[PDB]
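Structure data (mmCIF, N, CA and C atoms; chains and numbers go by the auth columns) from protein-v4.cif:
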```cif
data_entry
loop_
_atom_site.group_PDB
_atom_site.id
_atom_site.type_symbol
_atom_site.label_atom_id
_atom_site.label_comp_id
_atom_site.label_asym_id
_atom_site.label_seq_id
_atom_site.Cartn_x
_atom_site.Cartn_y
_atom_site.Cartn_z
_atom_site.B_iso_or_equiv
_atom_site.auth_seq_id
_atom_site.auth_asym_id
ATOM 1 N N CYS A 1 84.410 114.146 112.297 0.00 1 A
ATOM 2 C CA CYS A 1 83.309 114.774 111.520 0.00 1 A
ATOM 3 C C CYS A 1 83.491 114.483 109.986 0.00 1 A
ATOM 4 N N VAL A 2 82.425 114.601 109.172 0.00 2 A
ATOM 5 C CA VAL A 2 82.531 114.417 107.687 0.00 2 A
ATOM 6 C C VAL A 2 83.101 115.722 107.024 0.00 2 A
ATOM 7 N N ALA A 3 84.423 115.796 106.796 0.00 3 A
ATOM 8 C CA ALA A 3 85.060 116.982 106.159 0.00 3 A
ATOM 9 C C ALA A 3 84.794 117.152 104.616 0.00 3 A
ATOM 10 N N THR A 4 85.087 118.347 104.065 0.00 4 A
ATOM 11 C CA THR A 4 84.824 118.676 102.618 0.00 4 A
ATOM 12 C C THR A 4 85.509 117.745 101.555 0.00 4 A
ATOM 13 N N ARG A 5 86.805 117.420 101.702 0.00 5 A
ATOM 14 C CA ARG A 5 87.508 116.457 100.795 0.00 5 A
ATOM 15 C C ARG A 5 87.869 115.127 101.544 0.00 5 A
ATOM 16 N N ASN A 6 86.818 114.382 101.930 0.00 6 A
ATOM 17 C CA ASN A 6 86.908 113.196 102.826 0.00 6 A
ATOM 18 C C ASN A 6 85.656 112.280 102.605 0.00 6 A
ATOM 19 N N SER A 7 85.838 110.948 102.626 0.00 7 A
ATOM 20 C CA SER A 7 84.688 109.992 102.574 0.00 7 A
ATOM 21 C C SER A 7 83.773 110.027 103.854 0.00 7 A
ATOM 22 N N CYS A 8 82.460 109.763 103.707 0.00 8 A
ATOM 23 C CA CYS A 8 81.475 109.845 104.826 0.00 8 A
ATOM 24 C C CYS A 8 81.715 108.783 105.966 0.00 8 A
ATOM 25 N N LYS A 9 82.340 109.226 107.073 0.00 9 A
ATOM 26 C CA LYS A 9 83.060 108.338 108.036 0.00 9 A
ATOM 27 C C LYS A 9 82.463 108.455 109.495 0.00 9 A
ATOM 28 N N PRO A 10 81.422 107.672 109.919 0.00 10 A
ATOM 29 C CA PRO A 10 80.871 107.749 111.308 0.00 10 A
ATOM 30 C C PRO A 10 81.743 107.090 112.454 0.00 10 A
ATOM 31 N N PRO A 11 81.578 107.391 113.786 0.00 11 A
ATOM 32 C CA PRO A 11 80.477 108.229 114.350 0.00 11 A
ATOM 33 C C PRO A 11 80.689 109.779 114.241 0.00 11 A
ATOM 34 N N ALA A 12 79.831 110.450 113.460 0.00 12 A
ATOM 35 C CA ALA A 12 80.028 111.871 113.073 0.00 12 A
ATOM 36 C C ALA A 12 78.719 112.728 113.230 0.00 12 A
ATOM 37 N N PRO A 13 78.682 113.919 113.900 0.00 13 A
ATOM 38 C CA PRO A 13 77.488 114.820 113.885 0.00 13 A
ATOM 39 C C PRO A 13 77.390 115.722 112.602 0.00 13 A
ATOM 40 N N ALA A 14 77.026 115.097 111.466 0.00 14 A
ATOM 41 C CA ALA A 14 77.159 115.692 110.101 0.00 14 A
ATOM 42 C C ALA A 14 78.622 116.139 109.720 0.00 14 A
ATOM 43 N N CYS A 15 78.844 117.397 109.304 0.00 15 A
ATOM 44 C CA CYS A 15 80.200 117.958 109.056 0.00 15 A
ATOM 45 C C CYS A 15 80.684 118.911 110.214 0.00 15 A
ATOM 46 N N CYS A 16 81.973 119.305 110.206 0.00 16 A
ATOM 47 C CA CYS A 16 82.560 120.202 111.254 0.00 16 A
ATOM 48 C C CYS A 16 81.926 121.630 111.473 0.00 16 A
ATOM 49 N N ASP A 17 81.456 122.310 110.417 0.00 17 A
ATOM 50 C CA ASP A 17 80.557 123.497 110.537 0.00 17 A
ATOM 51 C C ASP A 17 79.074 123.125 110.108 0.00 17 A
ATOM 52 N N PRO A 18 77.976 123.675 110.711 0.00 18 A
ATOM 53 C CA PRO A 18 76.603 123.077 110.591 0.00 18 A
ATOM 54 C C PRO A 18 75.806 123.137 109.242 0.00 18 A
ATOM 55 N N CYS A 19 76.178 123.986 108.272 0.00 19 A
ATOM 56 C CA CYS A 19 75.469 124.100 106.959 0.00 19 A
ATOM 57 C C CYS A 19 75.903 123.113 105.798 0.00 19 A
ATOM 58 N N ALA A 20 76.901 122.228 106.009 0.00 20 A
ATOM 59 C CA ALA A 20 77.351 121.225 105.006 0.00 20 A
ATOM 60 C C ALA A 20 76.853 119.764 105.299 0.00 20 A
ATOM 61 N N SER A 21 76.558 118.975 104.247 0.00 21 A
ATOM 62 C CA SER A 21 76.065 117.566 104.387 0.00 21 A
ATOM 63 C C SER A 21 76.724 116.563 103.371 0.00 21 A
ATOM 64 N N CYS A 22 76.722 115.252 103.684 0.00 22 A
ATOM 65 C CA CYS A 22 77.296 114.194 102.799 0.00 22 A
ATOM 66 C C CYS A 22 76.541 113.993 101.436 0.00 22 A
ATOM 67 N N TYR A 23 77.278 114.056 100.314 0.00 23 A
ATOM 68 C CA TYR A 23 76.689 114.057 98.943 0.00 23 A
ATOM 69 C C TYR A 23 77.322 112.929 98.057 0.00 23 A
ATOM 70 N N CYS A 24 76.613 111.796 97.922 0.00 24 A
ATOM 71 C CA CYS A 24 77.037 110.658 97.059 0.00 24 A
ATOM 72 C C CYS A 24 76.840 110.840 95.515 0.00 24 A
ATOM 73 N N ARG A 25 77.567 110.024 94.732 0.00 25 A
ATOM 74 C CA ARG A 25 77.294 109.828 93.280 0.00 25 A
ATOM 75 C C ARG A 25 76.488 108.518 92.971 0.00 25 A
ATOM 76 N N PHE A 26 77.010 107.325 93.327 0.00 26 A
ATOM 77 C CA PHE A 26 76.476 106.023 92.823 0.00 26 A
ATOM 78 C C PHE A 26 76.389 104.993 94.002 0.00 26 A
ATOM 79 N N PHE A 27 75.219 104.893 94.670 0.00 27 A
ATOM 80 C CA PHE A 27 75.011 104.060 95.901 0.00 27 A
ATOM 81 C C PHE A 27 75.846 104.541 97.146 0.00 27 A
ATOM 82 N N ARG A 28 77.096 104.078 97.313 0.00 28 A
ATOM 83 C CA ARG A 28 78.079 104.700 98.261 0.00 28 A
ATOM 84 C C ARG A 28 79.433 105.194 97.608 0.00 28 A
ATOM 85 N N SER A 29 79.607 105.199 96.270 0.00 29 A
ATOM 86 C CA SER A 29 80.833 105.730 95.606 0.00 29 A
ATOM 87 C C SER A 29 80.850 107.293 95.486 0.00 29 A
ATOM 88 N N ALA A 30 82.036 107.899 95.707 0.00 30 A
ATOM 89 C CA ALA A 30 82.245 109.378 95.696 0.00 30 A
ATOM 90 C C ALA A 30 81.321 110.252 96.628 0.00 30 A
ATOM 91 N N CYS A 31 81.328 109.929 97.933 0.00 31 A
ATOM 92 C CA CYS A 31 80.499 110.604 98.963 0.00 31 A
ATOM 93 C C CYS A 31 81.313 111.648 99.799 0.00 31 A
ATOM 94 N N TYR A 32 81.189 112.938 99.452 0.00 32 A
ATOM 95 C CA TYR A 32 82.023 114.039 100.040 0.00 32 A
ATOM 96 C C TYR A 32 81.119 115.188 100.617 0.00 32 A
ATOM 97 N N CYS A 33 81.584 115.975 101.614 0.00 33 A
ATOM 98 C CA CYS A 33 80.731 117.036 102.229 0.00 33 A
ATOM 99 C C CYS A 33 80.492 118.310 101.342 0.00 33 A
ATOM 100 N N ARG A 34 79.225 118.744 101.270 0.00 34 A
ATOM 101 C CA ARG A 34 78.749 119.753 100.287 0.00 34 A
ATOM 102 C C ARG A 34 77.891 120.851 100.992 0.00 34 A
ATOM 103 N N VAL A 35 78.261 122.135 100.848 0.00 35 A
ATOM 104 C CA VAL A 35 77.372 123.281 101.236 0.00 35 A
ATOM 105 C C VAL A 35 76.239 123.521 100.173 0.00 35 A
ATOM 106 N N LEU A 36 75.153 122.738 100.265 0.00 36 A
ATOM 107 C CA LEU A 36 73.918 122.953 99.449 0.00 36 A
ATOM 108 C C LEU A 36 73.044 124.188 99.878 0.00 36 A
ATOM 109 N N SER A 37 72.922 124.479 101.186 0.00 37 A
ATOM 110 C CA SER A 37 72.044 125.557 101.704 0.00 37 A
ATOM 111 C C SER A 37 72.537 127.022 101.439 0.00 37 A
ATOM 112 N N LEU A 38 71.571 127.903 101.145 0.00 38 A
ATOM 113 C CA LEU A 38 71.820 129.349 100.895 0.00 38 A
ATOM 114 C C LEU A 38 71.948 130.211 102.198 0.00 38 A
ATOM 115 N N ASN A 39 71.011 130.119 103.165 0.00 39 A
ATOM 116 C CA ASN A 39 71.184 130.724 104.518 0.00 39 A
ATOM 117 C C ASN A 39 71.848 129.694 105.505 0.00 39 A
ATOM 118 N N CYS A 40 71.099 128.735 106.087 0.00 40 A
ATOM 119 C CA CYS A 40 71.677 127.528 106.738 0.00 40 A
ATOM 120 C C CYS A 40 70.588 126.420 106.854 0.00 40 A
#
```
Show how you would write the structure in this file as structure tokens.
Amino acid sequence: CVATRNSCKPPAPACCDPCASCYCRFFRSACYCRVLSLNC
């Protein structure tokens, strides 16, 4: 799965708990899992 301090690494069903998603900086550089949602 795509963990919180880890690069976006498939085959993965998003992150290990369902409210976090992969968040890049520059094309594919610095892509780490992020809890953006307030409820889910």
Name all residues at most 8 Å from segment 22-38 of chain A (count all atoms listed in the file; drop same-chain ones fewer than 5 positions away) and give them as a short mmCIF file (atom, residue, chain, number, x, y, z; two decimals) with N, CA and C atoms, keeping the file's coordinate frame.
```cif
data_model
loop_
_atom_site.label_atom_id
_atom_site.label_comp_id
_atom_site.auth_asym_id
_atom_site.auth_seq_id
_atom_site.Cartn_x
_atom_site.Cartn_y
_atom_site.Cartn_z
N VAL A 2 82.42 114.60 109.17
CA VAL A 2 82.53 114.42 107.69
C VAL A 2 83.10 115.72 107.02
N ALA A 3 84.42 115.80 106.80
CA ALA A 3 85.06 116.98 106.16
C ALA A 3 84.79 117.15 104.62
N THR A 4 85.09 118.35 104.06
CA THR A 4 84.82 118.68 102.62
C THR A 4 85.51 117.74 101.56
N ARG A 5 86.80 117.42 101.70
CA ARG A 5 87.51 116.46 100.80
C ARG A 5 87.87 115.13 101.54
N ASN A 6 86.82 114.38 101.93
CA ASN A 6 86.91 113.20 102.83
C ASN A 6 85.66 112.28 102.60
N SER A 7 85.84 110.95 102.63
CA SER A 7 84.69 109.99 102.57
C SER A 7 83.77 110.03 103.85
N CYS A 8 82.46 109.76 103.71
CA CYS A 8 81.47 109.84 104.83
C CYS A 8 81.72 108.78 105.97
N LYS A 9 82.34 109.23 107.07
CA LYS A 9 83.06 108.34 108.04
C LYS A 9 82.46 108.46 109.50
N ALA A 14 77.03 115.10 111.47
CA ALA A 14 77.16 115.69 110.10
C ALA A 14 78.62 116.14 109.72
N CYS A 15 78.84 117.40 109.30
CA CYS A 15 80.20 117.96 109.06
C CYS A 15 80.68 118.91 110.21
#
```
Could you please write out, as a PyMOL selection string, every residue of segment 2-38 of chain A that DSSP assigns to strand (DSSP E or B)? chain A and resi 21-23+26+29+32-34
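Atom N of residue 17 of chain A is found 8.9 Å from atom N of residue 1 of chain A.
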Applied to the shown file, which residues does the PyMOL selection byres (((chain A and resi 19 and name CA) around 6) and name CA) return, written as a compact mmCIF listing (two decimals) with N, CA and C atoms, in the frame of the given file?
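Resulting contents of out_8.txt:
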```txt
# COMPACT_ATOMS: atom_id res chain seq x y z
N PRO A 18 77.98 123.68 110.71
CA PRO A 18 76.60 123.08 110.59
C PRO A 18 75.81 123.14 109.24
N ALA A 20 76.90 122.23 106.01
CA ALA A 20 77.35 121.22 105.01
C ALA A 20 76.85 119.76 105.30
N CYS A 40 71.10 128.74 106.09
CA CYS A 40 71.68 127.53 106.74
C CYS A 40 70.59 126.42 106.85
```
Edge lengths and centre in Å to one decimal, as lines of an AutoDock Vina configuration file, is what I'm after for the box along x, y and z that holds all listed atoms of segment 8-12 of chain A once 8 Å is added on each side.
```
center_x = 80.9
center_y = 109.9
center_z = 109.0
size_x = 20.3
size_y = 21.6
size_z = 26.6
```
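Across the model, the gap from atom N of residue 39 of chain A to atom N of residue 13 of chain A is 20.9 Å.
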Repair of segment 2-25 of chain A at the level of N, CA, C and O atoms, as an mmCIF file, keeping the file's coordinate frame:
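Final output, saved to part11.cif:
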```
data_model
loop_
_atom_site.group_PDB
_atom_site.id
_atom_site.type_symbol
_atom_site.label_atom_id
_atom_site.label_comp_id
_atom_site.auth_asym_id
_atom_site.auth_seq_id
_atom_site.Cartn_x
_atom_site.Cartn_y
_atom_site.Cartn_z
ATOM 1 N N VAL A 2 82.425 114.601 109.172
ATOM 2 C CA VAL A 2 82.531 114.417 107.687
ATOM 3 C C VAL A 2 83.101 115.722 107.024
ATOM 4 O O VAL A 2 82.359 116.660 106.728
ATOM 5 N N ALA A 3 84.423 115.796 106.796
ATOM 6 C CA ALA A 3 85.060 116.982 106.159
ATOM 7 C C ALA A 3 84.794 117.152 104.616
ATOM 8 O O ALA A 3 84.328 116.236 103.931
ATOM 9 N N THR A 4 85.087 118.347 104.065
ATOM 10 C CA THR A 4 84.824 118.676 102.618
ATOM 11 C C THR A 4 85.509 117.745 101.555
ATOM 12 O O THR A 4 84.847 117.322 100.605
ATOM 13 N N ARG A 5 86.805 117.420 101.702
ATOM 14 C CA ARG A 5 87.508 116.457 100.795
ATOM 15 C C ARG A 5 87.869 115.127 101.544
ATOM 16 O O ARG A 5 89.032 114.793 101.787
ATOM 17 N N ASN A 6 86.818 114.382 101.930
ATOM 18 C CA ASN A 6 86.908 113.196 102.826
ATOM 19 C C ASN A 6 85.656 112.280 102.605
ATOM 20 O O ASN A 6 84.530 112.769 102.474
ATOM 21 N N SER A 7 85.838 110.948 102.626
ATOM 22 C CA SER A 7 84.688 109.992 102.574
ATOM 23 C C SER A 7 83.773 110.027 103.854
ATOM 24 O O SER A 7 84.251 110.286 104.964
ATOM 25 N N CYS A 8 82.460 109.763 103.707
ATOM 26 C CA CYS A 8 81.475 109.845 104.826
ATOM 27 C C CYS A 8 81.715 108.783 105.966
ATOM 28 O O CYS A 8 81.448 107.588 105.809
ATOM 29 N N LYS A 9 82.340 109.226 107.073
ATOM 30 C CA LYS A 9 83.060 108.338 108.036
ATOM 31 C C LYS A 9 82.463 108.455 109.495
ATOM 32 O O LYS A 9 82.971 109.267 110.277
ATOM 33 N N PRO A 10 81.422 107.672 109.919
ATOM 34 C CA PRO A 10 80.871 107.749 111.308
ATOM 35 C C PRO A 10 81.743 107.090 112.454
ATOM 36 O O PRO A 10 82.616 106.272 112.134
ATOM 37 N N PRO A 11 81.578 107.391 113.786
ATOM 38 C CA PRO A 11 80.477 108.229 114.350
ATOM 39 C C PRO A 11 80.689 109.779 114.241
ATOM 40 O O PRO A 11 81.606 110.346 114.838
ATOM 41 N N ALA A 12 79.831 110.450 113.460
ATOM 42 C CA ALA A 12 80.028 111.871 113.073
ATOM 43 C C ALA A 12 78.719 112.728 113.230
ATOM 44 O O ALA A 12 77.679 112.314 112.692
ATOM 45 N N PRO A 13 78.682 113.919 113.900
ATOM 46 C CA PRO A 13 77.488 114.820 113.885
ATOM 47 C C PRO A 13 77.390 115.722 112.602
ATOM 48 O O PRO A 13 77.661 116.926 112.624
ATOM 49 N N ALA A 14 77.026 115.097 111.466
ATOM 50 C CA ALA A 14 77.159 115.692 110.101
ATOM 51 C C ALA A 14 78.622 116.139 109.720
ATOM 52 O O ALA A 14 79.547 115.324 109.803
ATOM 53 N N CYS A 15 78.844 117.397 109.304
ATOM 54 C CA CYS A 15 80.200 117.958 109.056
ATOM 55 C C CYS A 15 80.684 118.911 110.214
ATOM 56 O O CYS A 15 79.924 119.274 111.120
ATOM 57 N N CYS A 16 81.973 119.305 110.206
ATOM 58 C CA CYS A 16 82.560 120.202 111.254
ATOM 59 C C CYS A 16 81.926 121.630 111.473
ATOM 60 O O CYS A 16 81.879 122.099 112.617
ATOM 61 N N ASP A 17 81.456 122.310 110.417
ATOM 62 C CA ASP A 17 80.557 123.497 110.537
ATOM 63 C C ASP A 17 79.074 123.125 110.108
ATOM 64 O O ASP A 17 78.898 122.295 109.203
ATOM 65 N N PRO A 18 77.976 123.675 110.711
ATOM 66 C CA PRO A 18 76.603 123.077 110.591
ATOM 67 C C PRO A 18 75.806 123.137 109.242
ATOM 68 O O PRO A 18 74.828 122.396 109.093
ATOM 69 N N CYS A 19 76.178 123.986 108.272
ATOM 70 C CA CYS A 19 75.469 124.100 106.959
ATOM 71 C C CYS A 19 75.903 123.113 105.798
ATOM 72 O O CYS A 19 75.315 123.150 104.715
ATOM 73 N N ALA A 20 76.901 122.228 106.009
ATOM 74 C CA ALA A 20 77.351 121.225 105.006
ATOM 75 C C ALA A 20 76.853 119.764 105.299
ATOM 76 O O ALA A 20 76.752 119.343 106.457
ATOM 77 N N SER A 21 76.558 118.975 104.247
ATOM 78 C CA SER A 21 76.065 117.566 104.387
ATOM 79 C C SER A 21 76.724 116.563 103.371
ATOM 80 O O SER A 21 77.226 116.955 102.312
ATOM 81 N N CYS A 22 76.722 115.252 103.684
ATOM 82 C CA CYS A 22 77.296 114.194 102.799
ATOM 83 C C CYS A 22 76.541 113.993 101.436
ATOM 84 O O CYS A 22 75.322 113.788 101.403
ATOM 85 N N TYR A 23 77.278 114.056 100.314
ATOM 86 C CA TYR A 23 76.689 114.057 98.943
ATOM 87 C C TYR A 23 77.322 112.929 98.057
ATOM 88 O O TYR A 23 78.416 113.080 97.505
ATOM 89 N N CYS A 24 76.613 111.796 97.922
ATOM 90 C CA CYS A 24 77.037 110.658 97.059
ATOM 91 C C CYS A 24 76.840 110.840 95.515
ATOM 92 O O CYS A 24 76.025 111.644 95.044
ATOM 93 N N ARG A 25 77.567 110.024 94.732
ATOM 94 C CA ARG A 25 77.294 109.828 93.280
ATOM 95 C C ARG A 25 76.488 108.518 92.971
ATOM 96 O O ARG A 25 75.422 108.588 92.350
#
```
